[PDB]
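Data first, discussion second: the structure below is written as structure tokens.
Chains as they are written, first to last, in UniProt numbering: chain A, 696 to 746, 750 to 990, 1006 to 1018; chain B, 696 to 746, 750 to 990, 1006 to 1018.
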């Protein structure tokens, strides 16, 4: 059949956390910034605690947990565990600088080509890793990438992720709210998802970064996209983008999914470019830009089982 | 490192074209004659639309696009843009009179020295320009030169073109179908390409024109050329060629690449000769030869970004 998923789902005690401050609130629920202090061992771990109780809700959050607990890569958010209190709580590694989309918007004037190209590589590594685990993200976007530090980002939000069977190359899903502006044509017309359709979204993510946080098809309404993409149109070339970099985005947008590049290739291409950043991204004043008890604090990346 | 290629790759909408008639068909795919009518602006642009879908194919056509979009000279075909429909489409400026090779064959009895010598100059200008852009064509031949008008030709077909790095004077390629009869010795023996090896091919192109479309080494099979060129032999002197003009071809065929003339020199030499055409080309009846809605039609050369 398929390989036995032997991941471990850790269940934590409510008394092992110290919600220090609220971070988010609205949509699904409320997110907290806090510390995880496992009993005994002198270690304090910065975490993001995501906490009403509706069978519809719980059902979904546990699924995210199934997925997060199954992944293990430096460029994918690590799940620390869950807490089964009145209302369920997902405990993940704290990503202090928030999501990339907000970060590029809030820091434009200080983000140079080295950072842009390196993020591209890191994300491609994360995605290539998810491909190995035969996992289709289905919602890759600048907003779903968190910032541990300006030098280290991680792919997150698996609330739509899917694990493809042994040899189930596609994924036929049903109705439901979907980020249309980030999806391949085949997903808008036949609600099909593949690793290659993830590449398309990767392409749009890269575009979001290059444009420093612009909005895909800013103006055009969701219902037209399908029409526009068929007409042969695609997102415009970002101002800082050399034809080399934009030439790669465009490819991620081929109609023929098998014509698009594979994450392992995007990794190679961007790695080369990242070796001479100023040759592929023209950013004004590029070279002159700079980007960034607790005695027993340890990053989640250093706390291992 | 190297200079940032800031060319713009324009992506056009399928609904902006009017394929008027087919032009070619076979080899790679099918070429169409048509009009490009950008939405709004009252302009109609005559274009050549080059349109199955195989990852091997698309990969190559996009590369041609990378190159064409990177060039900008009056003697090099201008890329108008591409269309990302089911199957990719390269949109270039329409060259009504076809390629030069066919043209000289079809018009012999009406092509005089003024035209011959002026084409030579124009091509040399195109090639000299590609040298500036540190670009090695690798497939210069009478068939790869299009005719916008009998007075204006342009270098085309960059399906083998290469962009040499900062100080990468040579280009070591691998196996693959190659126009052997048009290549320097060093390219047949060590698959090396340089601007100087482009000169060799230029020499053979000039020879093709002077002989009005003859076939290089007409008879001798590909496998012998290498042998023949080493023996000290070269293409014969064309009937209309004075020793002055043929003396220039021969030079382009030196074994010592650095002994061959440079495109900027071929430009000077032919320009001088073009000032008194009948002194360098003896063509019978030379002096008596003559060579050649749409209300908002504008040539691509007049439509600028």
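Ideal Cβ placement from N, Cα and C applies to all residues, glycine included.
Extent of the continuous alpha helix (DSSP H) run through residue i
i                      : result
residue 1043 (chain B) : Since the first residue shown for chain B is 696 and the last is 1018, residue 1043 (chain B) is missing from the structure and cannot be characterised.
residue 828 (chain A)  : 811 to 830
residue 898 (chain B)  : 893 to 908
residue 850 (chain A)  : Counting along the chain, residue 850 (chain A) falls outside any alpha helix (DSSP H), though it belongs to the beta strand (DSSP E) covering 850 to 853.
residue 730 (chain B)  : Taken as a continuous stretch (DSSP letters only), residue 730 (chain B) belongs to no alpha helix (DSSP H), being part of the beta strand (DSSP E) at 726 to 731.
residue 886 (chain B)  : 883 to 887
residue 922 (chain B)  : 920 to 928
Outcome for residue i when other beta-carbon atoms lying within 10 angstroms are tallied against a minimum of 16
i                      : result
residue 704 (chain A)  : exposed
residue 762 (chain B)  : buried
residue 783 (chain A)  : exposed
residue 846 (chain B)  : buried
residue 829 (chain B)  : buried
residue 716 (chain A)  : exposed
residue 1007 (chain B) : exposed
residue 819 (chain B)  : buried
residue 949 (chain A)  : buried
residue 849 (chain A)  : exposed
residue 975 (chain A)  : buried
residue 736 (chain B)  : exposed
residue 936 (chain A)  : buried
For residue i: DSSP bridge partner residues
i                     : result
residue 755 (chain B) : For residue 755 (chain B), which the question treats as bridged, DSSP gives no partner whatsoever.
residue 797 (chain B) : B:844
residue 791 (chain A) : A:742
residue 939 (chain B) : B:979
residue 774 (chain A) : A:853
residue 875 (chain B) : Beta-bridge pairing links residue 875 (chain B) to no other residue.
residue 870 (chain A) : A:890
residue 834 (chain B) : B:860
Where the beta strand (DSSP E) through residue i begins and ends
i                     : result
residue 780 (chain B) : 777 to 782
residue 715 (chain A) : 712 to 717
Proximity below 8 Å, CB of residue i to CB of residue j
i                     : j                     : result
residue 750 (chain B) : residue 965 (chain B) : no
residue 897 (chain B) : residue 856 (chain B) : no
residue 853 (chain A) : residue 773 (chain A) : yes
residue 877 (chain A) : residue 837 (chain A) : yes
residue 796 (chain B) : residue 858 (chain B) : no
residue 749 (chain B) : residue 745 (chain B) : The gap in chain B between 746 and 750 takes in residue 749 (chain B), so it carries no coordinates here.
residue 718 (chain A) : residue 802 (chain A) : no
residue 713 (chain B) : residue 732 (chain B) : yes
residue 766 (chain B) : residue 777 (chain B) : yes
residue 967 (chain B) : residue 941 (chain B) : no
residue 860 (chain A) : residue 869 (chain A) : yes
Beta-carbon proximity list for residue i, same chain, < 7 Å, skipping 5 on both sides
i                     : result
residue 738 (chain B) : 1009, 1011, 1016
residue 863 (chain B) : 697
residue 808 (chain B) : 987, 988, 989
residue 886 (chain B) : 878, 923, 924
residue 826 (chain B) : 961, 962, 965
Beta-carbon proximity list for residue i, same chain, < 6 Å, skipping 5 on both sides
i                     : result
residue 894 (chain B) : 955, 958
residue 882 (chain A) : 895, 898
residue 810 (chain A) : 981, 984, 987
residue 781 (chain A) : 707, 709, 787
residue 871 (chain B) : 889
residue 939 (chain A) : 908
residue 817 (chain A) : 851
residue 865 (chain A) : none
Check: residue i C-beta below 7 Å from any heavy atom of the ligand COA
i                     : result
residue 958 (chain B) : Looking for the ligand COA in the displayed structure turns up nothing, as the structure carries no ligands at all.
Proximal residues to residue i (C-beta, below 8 Å), its chain only, five neighbours per side dropped
i                     : result
residue 754 (chain A) : none
residue 914 (chain B) : 879, 880, 902, 905, 906, 933
residue 839 (chain A) : 799, 877, 880, 899, 902, 903, 906
Taking a Cβ distance cut-off of 9 Å, strictly less, list which residues of the region 937 to 951 of chain A are near chain D, in chain order.
Absent from the structure: chain D. Protein chains present are A and B.
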